[PDB]
There are 2 protein chains.
Amino acid sequence: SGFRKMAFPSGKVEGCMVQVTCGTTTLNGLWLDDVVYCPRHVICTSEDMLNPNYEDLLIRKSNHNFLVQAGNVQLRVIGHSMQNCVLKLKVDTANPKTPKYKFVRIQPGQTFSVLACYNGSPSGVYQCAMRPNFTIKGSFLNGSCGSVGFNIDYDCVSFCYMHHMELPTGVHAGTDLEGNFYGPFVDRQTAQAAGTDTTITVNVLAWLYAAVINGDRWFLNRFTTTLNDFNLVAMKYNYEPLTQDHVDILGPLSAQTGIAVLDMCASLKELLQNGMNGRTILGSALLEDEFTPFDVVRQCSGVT
Amino acid sequence: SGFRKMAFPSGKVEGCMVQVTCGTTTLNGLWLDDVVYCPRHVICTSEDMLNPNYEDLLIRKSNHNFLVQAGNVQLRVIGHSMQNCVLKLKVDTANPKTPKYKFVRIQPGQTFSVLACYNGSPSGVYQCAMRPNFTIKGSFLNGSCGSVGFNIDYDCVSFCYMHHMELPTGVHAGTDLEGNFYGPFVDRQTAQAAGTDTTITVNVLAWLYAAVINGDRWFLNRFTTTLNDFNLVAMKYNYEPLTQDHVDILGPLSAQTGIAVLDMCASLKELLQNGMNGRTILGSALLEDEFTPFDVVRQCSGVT
Ligand SMILES: CN1CCN(C(=O)Cc2c[nH]c3ncccc23)CC1
Ligand SMILES: CN1CCN(C(=O)Cc2c[nH]c3ncccc23)CC1
């Protein structure tokens with residue numbers, strides 16, 4: 001019993017973190033096999049950051065300009081390339097701690113763990129969601145760039161995020177491990193505004209199910225709704241529309257609790273309309289949207 | 001920028017987790033040097049759990065009755081002893097992944113990371129606080145016993161908690177690594193009620209400072225208070241009393257923000273009296289009390 005914002009165990013990823021220095025800038029890199037992945041803005045001066053031409057800046061850089069340190073031992077760089085917004089530094093040594101891994105590009109609403117790192121050393125781990133506006137609400141200070149987001153399936157680390165920048169609103173933007181930004185963001189020091197940060201409705205419903213499973217049931221009501229009726233209310237409250245694909249994904253939680261998805265939607269509808277009236281659900285005074293239905297089943301079943 | 005409930009990187013602890021089986025019960029153990037630490041209730045049948053005499057039950061157990069598996073390799077048990085509520089199984093092999101470590105008994109209000117484990121395998125990591133009633137609000141299912149709470153200082157893991165049981169209210173009780181329960185709890189399947197779960201005032205104030213540092217300032221007011229005046233209000237709201245030791249610990253956050261501790265107390269006083277009025281602080285609709293002043297400085301400074 002109990003329900004916590006839970007991160008994946010970070011050890012498999014800790015074993016991949018290194019320090020990358022180009023000139024006076026140090027940030028983090030991800031060492032998998034004989035490649036080190038890092039944000040391309042490592043090559044930029046503060047001046048360059050305002051309006052960088054990365055291809056032109058990169059011409060001035062050689063393998064020996066990329067200093068890669070794994071613990072307190074230097075790796076030899078034997079190649080470099082730019083893929084979208086990441087640099088791939090080929091090193092002469094395969095990371096001996098390379099886990100089974102994939103690179104995945106996640107959808108908005110998907111959660112992942114972040115291993116916040118500075119100078120290639122882990123500082124902490126927390127759980128994030130890719131927001132519907134393709135930002136993440138992380139905890140990142142200068143030097144945290146190259147920190148990675150990931151999910152784990154038994155022994156396979158799926159890398160989904162690499163940290164690149166903070167927007168002037170203090171929300172975070174980054175890439176997949178192919179170097180493609182989530183959302184419309186660019187690695188340039190220019191004011192970039194985020195769109196509407198809507199609530200991840202299917203995740204809220206997952207968390208309401210988690211609440212029921214954990215004995216927090218006060219919000220269960222006598223009502224039902226329809227997807228169309230629910231969605232009118234969702235749109236009014238800047239909630240993402242619910243689709244039958246969302247209802248399908250909530251099936252196992254529906255079956256475990258015996259609460260029809262549309263009934264739980266009607267409960268959610270009343271919470272939106274009435275608020276919490278000073279009550280809490282799983283120790284929260286707001287509706288939590290950074291647990292996926294998969295997250296709730298995993299936590300509630302004890303997958304390792 | 002941004003402020004997250006952040007756990008320590010768990011890799012150093014992942015390397016210590018093993019599976020302990022006695023008869024038909026499997027739970028987790030902590031392998032440090034040539035000792036495996038686990039809850040003594042591993043020796044109990046369901047029947048035994050109702051009113052166990054652990055010394056008498058342990059007489060019936062030999063070294064070869066304790067099955068210790070590290071990954072998928074069995075460890076040879078060459079000794080066993082009971083220290084308070086934990087068993088110490090001496091094995092013939094030092095854990096090669098043993099980190100620098102200490103055993104510490106934490107105070108109520110102190111935070112720690114939990115590596116939730118099942119069958120000696122990590123499932124996830126989250127941040128907890130020792131509640132003033134000596135419970136923790138964890139996320140633990142059957143098989144999670146022997147999971148450990150810890151803090152890390154650079155390269156030294158301080159182990160502070162080992163999970164033993166859930167109370168009928170679904171809150172959690174456990175021991176330090178000398179086997180002494182936090183609070184009045186006993187490892188027996190008998191109804192045990194928790195006392196008042198008061199709010200950790202110094203932690204709320206730490207988190208308000210964290211909010212100011214991160215640009216959430218709407219709650220800063222024109223008022224000040226005194227420790228005695230604040231404490232009258234604290235007691236009314238089931239907040240822990242604030243002492244000058246708490247004010248001392250908040251000094252660095254006071255200095256960083258230029259907000260006198262007693263001014264922040266007066267802000268907190270108004271939040272208690274007025275509530276949040278549907279507003280949030282660091283994405284929370286309630287006052288968060290599971291960040292210590294040390295946690296806030298660490299996260300806000302990027303210690304690795
Ligand atoms: C292209 N350019 C954009 C601006 N940059 C950052 O925002 C880096 C960064 C990521 N998280 C942070 N948190 C606090 C302060 C700075 C950062 C550098 C790269
Ligand atoms: C002395 N006896 C007391 C009762 N026990 C537990 O509560 C073990 C336990 C710890 N977390 C849990 N979460 C869910 C279900 C069970 C547990 C066994 C030991």
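Each ligand, and each atom within it, is numbered from 1 in the order the structure gives. Convention: sequence-line order gives letters A, B, ...; per-chain numbering from 1.
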Subject >> Working for side chain to side chain contact (heavy atoms under 4.5 Å, CB included), residues B/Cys300 and B/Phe3 >> reply: CA-CA 8 Å; B/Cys300 287; B/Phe3 201 80; 3.7 Å; yes

**OP:** Quick one: do A/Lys5 and A/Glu288 satisfy salt bridge (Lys or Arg N to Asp or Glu O under 4.0 Å)? Show the steps, please.
**Re:** CA-CA 10 Å; A/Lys5 194 66 66 60; A/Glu288 295 280 336; 3.8 Å; yes

Original post:
Looking at A/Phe291, does the NZ or CZ of A/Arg4 lie under 6.0 angstrom from its six-membered ring centre and within 45 degrees of the ring axis?
Top reply: no

**OP:** Scan for side chain to side chain donor-acceptor pair (under 3.5 Å) pairs involving residues 116-130 of chain A, sequence neighbours excluded, and state none if there are none.
**Re:**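 Passing the test, one end in residues 116-130 of chain A: A/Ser113-A/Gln127.
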
Subject >> Atom CZ of A/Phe181 with >12 non-hydrogen neighbours under 6.0 angstrom >> reply: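 Yes, CZ of A/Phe181 has more than 12 neighbouring heavy atoms, counting only those of other groups under 6.0 Å.
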
Original post:
Please walk me through it: do B/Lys88 and B/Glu178 pass salt bridge (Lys or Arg N to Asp or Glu O under 4.0 Å)?
Top reply: CA-CA 10 Å; B/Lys88 300 197 317 223; B/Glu178 302 181 338; over 6 Å; no

When you pair each N or O of ligand 1 with protein N or O atoms, which pairs come out under 3.5 Å?
from	atom 1	to	atom 2	distance (Å)
ligand 1	7 (O)	A/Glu166	N	3.0
ligand 1	11 (N)	A/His163	NE2	2.9
ligand 1	13 (N)	A/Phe140	O	3.2

